[PDB]
Each structure stands twice: as C-alpha cells, then as structure tokens.
Amino acid sequence: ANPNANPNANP
Amino acid sequence: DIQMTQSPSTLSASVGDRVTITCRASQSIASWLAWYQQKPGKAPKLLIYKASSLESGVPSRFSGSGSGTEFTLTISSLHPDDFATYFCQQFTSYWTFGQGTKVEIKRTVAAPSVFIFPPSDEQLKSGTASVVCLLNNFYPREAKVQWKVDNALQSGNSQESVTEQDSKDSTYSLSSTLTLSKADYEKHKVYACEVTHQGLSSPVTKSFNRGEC
Amino acid sequence: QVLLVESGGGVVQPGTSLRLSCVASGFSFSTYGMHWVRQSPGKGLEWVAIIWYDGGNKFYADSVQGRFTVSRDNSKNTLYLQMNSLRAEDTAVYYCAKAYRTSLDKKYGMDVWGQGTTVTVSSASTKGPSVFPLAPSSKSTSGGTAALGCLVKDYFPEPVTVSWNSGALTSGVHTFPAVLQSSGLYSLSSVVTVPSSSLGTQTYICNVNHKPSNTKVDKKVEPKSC
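Below, the structure written as structure tokens:
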C-alpha cells in the first residue's frame, strides 16, 4: 500500500 | 520527503491588517496542502485543507490559494484571536511541515528597563554564584545581552529566557543568568550587564561591584 | 465532538522503552487511520507514524523506523506508540491525530489532533529546587518602582509553581520559562515589580512548590543596602 492512500475503512 | 519552507518566519502586524503567509514546496504537490494554526501550549488546529477549502467553523477571513510549488495563506482582516503560529503541511508524500510563521502584534518600539541582581549570600555559601540581568517590557523581542566580568566578555556561561508576548501591552520581558563557581566569582570585581536594543541609542550597562551590594 | 486524549508521557532515561497511548471518542475509531506527530523546540513539527484502520499497514519516519512501533486495540478505542532505544532527540510533545475523512481524494492528511503528551529523555534524577533571593536595590529601581524576585535553580523534572505572598500578590509578576542547564537540571526566575515606597513596610515572600520532590520553600526577599 501507499502511505498517503486512504487509511480508513471502505475506501 | 518533500521540503516545505515558509516565509516570513516572523510577521508583525496590527489588528485589522491583511496578512499573507507564503509556503513553498521543493517539488510539485499539486493541491495536497494544509494550513494549521497553533497557539502556545495548544495543539495545531486545521484551518484549510487541499489548498483552498476552509474547514467547518473557520472564519471566512482566512483563505488559502495556490497549486504546485507556491501556496499562500491570507487573513483579510486580523483579529486578536488570529495572533498565533501558522504551519503549512503537504500530504502527498508522507507528511512534512514548514517551520512555522509567528504572527505577532506590532507596537511602538519600547526600550527595556534593565535591572541587575547580585548573587545571594545564601548561594555563595553553597559554592556557586548566579548573576541575573532583567530586561522588562520591551519590543521587539530581538535583544543582545552581553555579560562582562572585569570588562571581559563572557561566552558559554549564560542562559537567556524570554516570556511570551504579553496580551495587555504586547511587550516582551527577558532574563539572562550568568553562573560562576564561587571561586571563579571571588576572582573578579565588576560584574556588568551590557544590553543592545533598538530602543536604545547606545548600549546600556548596569553593574555592581562584588562586596558592595 | 471528535476528541483524542494522549497519555503515558513522562521522564525516562536514554535507551529505555516507553509506550504512549491515545484514546478516541466522538467517532468510530475502528474505521479511521491514525497518526503520531511530535514537536520539539528545535525540530518543529515532525510526523512519526501512521497505522491503517484495521492495524495492518504501518509506516514510519526514517528518524524512528526500527526503534518505534505503532499499533492499536480497536476493541479499546486506543492507539499506541511503542518507543524503544530512546535518545535525547526523542524529547518532544507527541500528538496523536485522526486521518481525514474518506472521499474521492487519492491523498489523505489529518483533521483532528489531541492535546499532546510530553516525553523527556534525560540522564537526570529528581531533585528539589534551591530558591535564592533576587534582592531589590538602587540597581533594580526605575521611576518609583522596584524589581525583586527569586532564582529557582537546579531542579528536576519540570514543572515548578511560584506564587507571591501565598497568592495574595498577583499583579506585576513575570515568571520566566525554565532553561535546561548543561548540568541536566532546570532553572527559572520569577520577578515582580512593586513600588519602591513599599519595601520598608511590605514583606514579599516567593512560594515555590515542586510536586515531584514534595518541596515547598518560602523565601523572603529583603532589600539590600546598595
């Protein structure tokens, strides 16, 4: 994964 | 992994002024930029997100602009609540911050009242000597304080402390403490504090002779 | 009412381990990524770590990678930062922060931060302060006012609290932020400006409380004859 991608549930 | 630099590092402005803080990225971050406000002893609070979007509840006098490598934060009309430090953050390549811009209150240049304090006999009995120079209610914060022992400039033996800007008179106050061993202290006579400040046409020196106070 | 409360900061010796905690309320904690950010006087704001909503993906700043570890117990609404092999540079206020809401955006920042927890990595032992008078004199006077105060020196850890005349004196006081001495101990001054007329008929006592050492020193400040 990319660090700055959506870190939350249900992206 | 992107370096953000802000300018200026300190901004002095009056209530009602329009102020502009710029932020520069070492490489393009598109619009992935955030603006934070931080007051002393408090956490940073998000003001603007993705370059221009005001967060809920943030007054409209705040606005952010820009894209790529150049960004600006503008306050249309300064309120006393807005005097704080402002950080920009890029959030496209990890999360890095600028060094901050302290927006302080501007006032008339005020020269410092310089007081000096000899070490207490109670401290000398313990075998140490601390001399304290106090600069009171002065603006701007930048000040030079040079300790002299028998006119010999001291180096590495002093520590300075400065208050936060006062709310009432918007002035600063500063203390410098020269610490010597009792045996180094008892070797010289005149202990002096030379202060160089914008409100002073010439450097002011307050001094005492050992054993005469 | 999104709220984050950090805890677990304190004074530790270099090379030891400290685990910070962060507790969340006002939002579904299980559904959000979370961050740790720290701030020193000399390193500004520095991002430390991020952890995905489910605790899987974890990313670290190079300055802490290999030594620090981020984790979370979603059944307890708690984020953790496990610090190992602490060094002096790790002294900072550590903030926990919540990831920004899910949207069509591809890149994500943070939106709400906690109030912070202070970590102090120090090769120093708890010590009560020695309180020394800053006596008024002709060399501490200006236009009918005189300056007097107290040197609170060689104490650890922070903070100390100063009051004057048991709190009955509150105007004219400037208490300075403590400096860290190369000895590892802290020193600060507290000064007050009073009328020179009062020095003959008004007693001034600085009251220093240092809760870590359970010290309470009352030091009367007397004028000097110079």
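Protein sequences appear in the order of chains P, L and H.
Sequential numbering from 2 applies to the first sequence in PDB author numbering.
All letters in the second sequence, in the order written, are residues 1 to 94, 96 to 214 by PDB author numbering.
All letters in the third sequence, in the order written, are residues 1 to 52, 52A, 53 to 82, 82A to 82C, 83 to 100, 100A to 100F, 101 to 216 by PDB author numbering.
Here a beta-carbon is modelled for each residue, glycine too, at the ideal position from N, C-alpha and C.
For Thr68 (chain H), the closest Cβ of chain P is not nearer than 8 angstroms.
Taken through DSSP and simplified to helix, strand or coil, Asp81 (chain L) comes out as helix.
Straight across, the Cα-Cα distance linking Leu11 (chain L) with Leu135 (chain L) is about 26 angstroms.
Annotation: the continuous alpha helix (DSSP H) that includes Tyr186 (chain L) extends over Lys183 to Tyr186.
In the same chain as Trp103 (chain H), and ignoring 5 residues on each side of it, the C-beta atoms closer than 6 angstroms to its own belong to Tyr91 and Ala93, in chain order. Of all residues in the segment 198-213 of chain L, the ones placed with a Cβ closer than 7 angstroms to any Cβ belonging to chain H are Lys207, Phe209 and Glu213, in chain order.
For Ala49 (chain H), the nearest beta carbon of chain L is not closer than 8 angstroms to its own beta carbon. Rounded to whole angstroms, the separation of the alpha carbons of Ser99 (chain H) and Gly54 (chain H) is 20 angstroms. The beta carbon of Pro4 (chain P) sits closer than 8 angstroms to some beta carbon of chain L. In the DSSP annotation of this structure, the continuous segment of the beta strand (DSSP E) that includes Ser120 (chain H) starts and ends at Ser120 to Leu124. Using beta-carbon distances, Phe166 (chain H) counts as an interface residue toward chain L, with a partner under 8 angstroms. Inter-segment contact for the segment 137-151 of chain L and the segment 183-202 of chain L is present: three or more beta-carbon pairs are separated by less than 8 angstroms. Judged by DSSP secondary structure, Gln37 (chain L) falls outside any alpha helix (DSSP H) and instead within the beta strand (DSSP E) spanning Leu33 to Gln38. The alpha-carbon separation between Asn56 (chain H) and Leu175 (chain H) amounts to approximately 41 angstroms. Using a CB distance below 8 angstroms, the part of the segment 108-129 of chain H facing chain L consists of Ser120, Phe122, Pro123, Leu124, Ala125, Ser127 and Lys129, ordered along the chain. For a Cβ distance threshold of 9 angstroms, residue set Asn5, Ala6, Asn7, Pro8 and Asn9 of chain P lies close to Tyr100D (chain H), ordered along the chain. Taken in chain order, the complete beta strand (DSSP E) segments of 3 or more residues contained in the segment 104-163 of chain H are 107-111, 120-124, 135-145 and 151-154. Per DSSP, reduced to three states, the secondary structure at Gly66 (chain L) is strand.
Here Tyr36 (chain L) is near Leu47 (chain L), since their CB atoms are less than 8 angstroms apart. Boundaries of the alpha helix (DSSP H) around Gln124 (chain L): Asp122 to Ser127. The C-beta of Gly15 (chain H) has fewer than 16 other C-beta atoms within 10 Å across all chains shown, which makes the residue exposed. Of all alpha-carbon atoms in H:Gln105, H:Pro126, H:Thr151 and H:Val184, the one lying nearest the alpha-carbon of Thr135 (chain H) is that of H:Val184. Of all alpha-carbon atoms in L:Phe87, L:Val115 and L:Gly16, the one lying nearest the alpha-carbon of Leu73 (chain L) is that of L:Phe87. Looking only at H:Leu141, H:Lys100C, H:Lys214 and H:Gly139, the smallest Cα-Cα distance to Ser127 (chain H) is reached by H:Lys214. Shortest Cα-Cα distance from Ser112 (chain H) to any of H:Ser172, H:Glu46 and H:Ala60 involves H:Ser172.
Between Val109 (chain H) and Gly139 (chain H), the C-beta spacing is not below 8 angstroms. Under DSSP, the beta-bridge partners assigned to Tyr192 (chain L) are L:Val150 and L:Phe209.
According to DSSP, residue pairing for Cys134 (chain L) in a beta bridge involves L:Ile117 and L:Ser177.
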